[PDB]
Amino acid sequence: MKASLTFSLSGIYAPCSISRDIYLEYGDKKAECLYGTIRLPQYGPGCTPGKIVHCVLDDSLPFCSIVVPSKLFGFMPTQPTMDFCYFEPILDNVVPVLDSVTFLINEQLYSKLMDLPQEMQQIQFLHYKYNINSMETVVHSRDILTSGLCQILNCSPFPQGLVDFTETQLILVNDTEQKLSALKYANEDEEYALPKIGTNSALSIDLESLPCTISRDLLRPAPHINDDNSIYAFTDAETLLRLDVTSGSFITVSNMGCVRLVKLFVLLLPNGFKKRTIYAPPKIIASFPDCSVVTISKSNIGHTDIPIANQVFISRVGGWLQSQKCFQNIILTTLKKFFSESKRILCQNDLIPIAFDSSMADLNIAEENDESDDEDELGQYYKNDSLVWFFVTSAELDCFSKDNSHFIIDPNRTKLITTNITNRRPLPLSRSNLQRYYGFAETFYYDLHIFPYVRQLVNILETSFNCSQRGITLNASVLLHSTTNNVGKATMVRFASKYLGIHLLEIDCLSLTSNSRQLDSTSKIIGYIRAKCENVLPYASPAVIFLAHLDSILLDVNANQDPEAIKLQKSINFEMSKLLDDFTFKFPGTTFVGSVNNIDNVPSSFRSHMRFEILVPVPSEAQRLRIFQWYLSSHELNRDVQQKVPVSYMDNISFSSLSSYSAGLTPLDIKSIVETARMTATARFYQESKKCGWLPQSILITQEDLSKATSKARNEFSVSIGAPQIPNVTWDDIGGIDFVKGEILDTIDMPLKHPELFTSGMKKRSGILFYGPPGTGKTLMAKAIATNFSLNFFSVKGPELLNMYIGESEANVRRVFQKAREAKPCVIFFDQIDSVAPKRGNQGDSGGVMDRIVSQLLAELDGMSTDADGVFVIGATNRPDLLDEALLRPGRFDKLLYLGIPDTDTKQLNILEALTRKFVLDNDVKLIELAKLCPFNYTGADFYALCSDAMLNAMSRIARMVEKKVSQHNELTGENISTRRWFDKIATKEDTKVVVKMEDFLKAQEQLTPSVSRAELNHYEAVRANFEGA
Amino acid sequence: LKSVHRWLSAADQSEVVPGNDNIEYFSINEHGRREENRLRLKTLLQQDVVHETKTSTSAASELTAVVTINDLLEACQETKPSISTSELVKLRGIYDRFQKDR
Amino acid sequence: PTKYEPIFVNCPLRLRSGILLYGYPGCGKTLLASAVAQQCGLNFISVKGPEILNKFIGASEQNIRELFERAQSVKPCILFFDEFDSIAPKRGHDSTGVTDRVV
Amino acid sequence: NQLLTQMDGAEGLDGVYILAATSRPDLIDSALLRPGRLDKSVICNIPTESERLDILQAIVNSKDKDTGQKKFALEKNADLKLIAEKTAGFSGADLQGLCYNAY
Ligand SMILES: Nc1ncnc2c1ncn2[C@@H]1O[C@H](COP(=O)(O)OP(=O)(O)OP(=O)(O)O)[C@@H](O)[C@H]1O
Ligand SMILES: Nc1ncnc2c1ncn2[C@@H]1O[C@H](COP(=O)(O)OP(=O)(O)OP(=O)(O)O)[C@@H](O)[C@H]1O
Ligand SMILES: Nc1ncnc2c1ncn2[C@@H]1O[C@H](COP(=O)(O)OP(=O)(O)OP(=O)(O)O)[C@@H](O)[C@H]1O
Ligand SMILES: [Mg+2]
Ligand SMILES: [Mg+2]
Ligand SMILES: [Mg+2]
């Protein structure tokens, strides 16, 4: 509901007067204290989140009007105030009560609070000080109780709600750093009636882009039907007083011989724009190579403008879009629509912006109609995605030729006439953010102070821009290459272009022919490129030709190829090389900005000309912080959703930890995380709205959600690399392997937890292997690490690597290591190393490939130039002696861990308990005799067989019992059902719950053999003695 | 590794016992809350979030990690000679045969 | 021979073209190579492991041709072979000649 | 080493029952006899003195082809005990051989 607005200097918690009509027809009569919510509409891409207030009846207020304290928004009503808001009285008067509220207080009041004797006395003192009441007063967040004294630091449960001042905890924090001095209630920076006396001629003031579009409803005055938004300007009230007219008719802006007519309105008070500056939309700003400061003057003759609109001359500005075949039709239609307005004004040298939708290029909505054909409301469904300009040159003068400075265009007299293509420079990003104004998909705003590589590119391009007045052909090609996809190359290029104001050509791999290129593909490619470029370059100064994914077109010679097929490759290479340099000297300032995903495959004939190659690393910790700060920003989330409830993040989030916890992820991954978080938050919001609980007026992202969304993103990545779905073993099952447990912990996790002491290039001993008798945990430990440590887990399925041909095993090994090296925190599990790394050069062997492969292992595993040692290697075998020594060395496999038979009743009971853990054990009997009765030749795996056998016996008992029950039932009835039918017709869940009684154990233990003989065990004992005894 | 393990074991309580003066707290209306230390920590973390900064100061190397001979000798005790003792003779023989001939 | 080239330029009469290292595992000779690769300033080509071989018929010969061609066309460099046995076993072979033609 | 990997590898399979047989089993590697795989070892015995009757009666009374209520041509007395004892315990297939020989 829309309510008229006015402000007062009352207290923050003073009741808000509301008109009788609303209080009666909508206000709840049963409520002792009525509460409503207000939204302030402000110049931005969305409405503000609602703020709650307490209201009371007031007969003095006119129809649908409200009065509120201006101090609730940190200002005073000295300047013109806003005249309306959106309001709704809460149905059922539902409001939440905050359990705790955090306040920041000044030193003097905190000293007074200690001086105050008692807790209750202090509570009453605060009651009187800031009008805070139990279950009556409602608090908000980011608000100030009084200028420079106290501020609401935080509110945990909700941004606003009631306070149980009797019990709600009040976290009072002393302002030890005097931050509260920064608080400022929209106060004036002093004020003078005449800072300069009699300065009626002109005033000099700053010009900067208006940050967002303007909606007519927010305008204080009442302009006419048409010809308003194209010449708007907004300023502070006092600036109007310095001009001697409040929101005067027309103003003029004059510098460098360019004079334009503008209309100046008052900037409305609540907005937080800067002081003493002109805020204008891009339409007027574009006309200038504007200086930071600019002078303005009165122009009364503007009210007497002349409609001399006959035979106007229009021109399409140079640009990438203007030269496209399909767009041209919609461009024409939208230009005719723009000039269809009755009273638009215009003057020579003006740039007129024209927005339109990119994807409506083919949707001819309807033909022209005799009557009742209009676009106004029909367009509301779609919002624009691309922008162009038009450059205006001349117009008729007629008998009114005495003046030609400014004129109107009338559809009843104006006709569409155009000349050839002109040229002019774009607008540098530093001066006006056009995307921001038109809500486009904003290019990421890099910050050169932080990102290294972008500075190089921008410097090169700006050098080629500045050399225009030096006038030499120094322009140089630039090639971008990256180690991985999705590192924002095209984004940073677009950033540079928009920053330096350089027209950008975006050719890409949407080519015409790439398969069976013999069918004149070379022509279809190069002719297309030449046609696309030649229609833009003669009208762009400077210009940039950007070739995305150039890697997949300028392919290099293949090792194995058809002798004649490669000829086409050579031809395309050479012709591309030629057209590379042709533009260099056929036009001034041309820069060739190519992109490649792997520079190794670019043709040397083409690359050799290249003189600047920037590698674009995956963003390190510092950058991800900024990237998060961007994607989480208000001007990003709130965009493109059109959800009726604005969006925002809760302030309790932490960039610093988030960044560190998102290591290795590329920017696209980051955006994916943000999007998923947004989804989950919206789902939570609608779930709460479905419930009967209190409904927040905003949806708040929470770090508690990001913490798991990042995990899901990482799991997605882990699926990308194709890792197996290892079972979910837990770190607790491992039992009597404490020594090896700690040994593993000291290497896999110790240099990974608190990553500061090990943060160095040292040889961090990424090698480890288990060896010993069969069945003592070697694979289980790996299975546990695979999921309990969050390290990527690669499985080498025994002799997986070995292969048919001579050299494909040597390719498989290298591919495995390369892919693992792609994801730095990764593990390699060489299961049964025997099959892959036999002793080198034995006489009892043939073929020799087993030697080549082990040599390749010795090479790639350790080698030289090794870095980023996070690649662990875990190996296992039944017997190591078949391995070659050259592996049994530090750097590859330092300690050989002998996970021997526990030989110890402590360990035996530990493993028996760990095996029995997760199923019920009847406690009438003690298990220790199971350790005492087994001889120590029994083994971790055969204790597993013992447990499973005992279980199976005890559950066979239950099977027999249920068989007896079903037979009895069949005897009672006509024997009409079997056991299977019994289990769907009837159920006895509690009866089926098998519980093992150790009598079963004492039965089973008599029947199970040891997994190894003394003959084998002595062998492994001797092996250990050799390797460990020393 | 053994020395850093011992240092970390000894340093566990170093950062827990001392008081924190980076922010001052009044603690009014604290009745009805069983948690005391965790609530103080959460208040301090809230204030730090409001006043978060990324810069950090350096520290002396010796009090981060240090090498001592007492643990070094014990580490030497747990020997791990790479060369196979039974294979050193064979390797010596083959090396000599390579050196003298071809 | 690059550091003191006027001393080494004269008298092309007698010279030795390459060196062979061998010893017990862990005796730093890989690190010797690494240091010589980087401090010397002389270019260094790291054909580590038997990557020379290739699936297709007699591809090894062409591969070595390319390798030595790059070595020559790069300014003076060291061709680093390690685990040499993997690339040059004894003359005798029961298998195809694709593993000894390379020698 | 492949079979072991596919049997109890990290990515362990399930719902598959490996059933093995041979005459001389201990020449299977001990790591394939480890309980958890091939874990239950089951002897079969040919002597079964006085139990050979049970098998004989089975094989003679085998009715596999339901089209007829019998395949072997039994006689009325069915005093199989005499021949069963007379068999002297050759094997298990011996009795089927006797059956077919007599038929
Ligand atoms: N560093 C970044 N900061 C912000 N957004 C980024 C960044 N990198 C990529 N993006 C996002 O990715 C899209 C455009 O960049 P994109 O990932 O397509 O780059 P690219 O260089 O063309 O990649 P590639 O060649 O690997 O496909 C946009 O949605 C943009 O927001
Ligand atoms: N100490 C133990 N702790 C936990 N589980 C164990 C232990 N000993 C045996 N087991 C169980 O018995 C099996 C032994 O798995 P293990 O990791 O020893 O296999 P492996 O490496 O394939 O063995 P092998 O030495 O026969 O190649 C697993 O099913 C495991 O759950
Ligand atoms: N001068 C040196 N003397 C001894 N050890 C050294 C020396 N320089 C470095 N080291 C360390 O000891 C190791 C020396 O052995 P290294 O691993 O280099 O052997 P390698 O030549 O690759 O052997 P192989 O191919 O037989 O396995 C180095 O990896 C390094 O960690
Ligand atoms: Mg791309
Ligand atoms: Mg195993
Ligand atoms: Mg080596």
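Residue numbers (the authors' numbering), protein chains in the order written: chain A, 1 to 1030; chain B, 922 to 1023; chain C, 716 to 818; chain D, 819 to 921. Yeah, the Cβ is synthetic: ideal placement off N, Cα and C, and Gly gets one too.
Exposed unless 16 or more other CB atoms sit within 10 angstroms - verdict on residue i
i                       : result
A:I472                  : exposed
residue 1063 of chain A : Because chain A in this structure spans residues 1 to 1030, residue 1063 of chain A falls outside the shown range and cannot be described.
A:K498                  : buried
A:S65                   : buried
A:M82                   : buried
C:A752                  : buried
A:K274                  : exposed
A:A723                  : buried
A:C55                   : buried
A:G318                  : buried
A:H481                  : buried
C:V818                  : exposed
A:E860                  : buried
A:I833                  : buried
A:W731                  : exposed
A:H406                  : buried
A:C155                  : buried
Residues near residue i by beta carbon distance below 6 Å, same chain, minus five either side
i      : result
A:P89  : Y26, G27, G36
A:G870 : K824, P825
A:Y13  : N131, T137
A:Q435 : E442
A:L479 : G594, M610, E613
beta-carbon residue i near ligand 8 non-hydrogen atom, thresh 8 Å
i      : result
C:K744 : Inclusion of ligand 8 in the displayed structure is not the case, the ligand content consisting of ligand 1, ligand 2, ligand 3, ligand 4, ligand 5 and ligand 6 alone.
Residues near residue i by beta carbon distance below 7 Å, same chain, minus five either side
i      : result
A:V996 : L921, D922, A950, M951, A954
A:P727 : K783
Residue i - partner residues in DSSP beta bridges
i      : result
A:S204 : A:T295
A:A876 : A:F770
A:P270 : Paired residue(s): none; A:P270 is not in a bridge.
A:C16  : A:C55
A:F829 : A:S795, A:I874
A:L505 : A:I545
A:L387 : A:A355
A:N255 : A:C258
A:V139 : A:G161
Same chain only: Cβ atoms within 8 Å of residue i, ignoring 5 sequence neighbours per side
i      : result
B:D992 : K923, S924, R927
A:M360 : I330, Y382
A:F583 : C533, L537, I545, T590, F592
A:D228 : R216, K263
A:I874 : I768, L769, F770, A782, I785, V827, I828, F829, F830
List, from N- to C-terminal side, the beta strand (DSSP E) runs of 3 residues or more that fit wholly inside the region 625 to 686 of chain A. 647 to 649
Next on the checklist: If we require 3 or more residues per run, which beta strand (DSSP E) segments fall completely within the region 739 to 782 of chain C?
Outcome noted: 758 to 762
Any alpha helix (DSSP H) of 4 or more consecutive residues that is wholly inside the region 312 to 343 of chain A | 327 to 339
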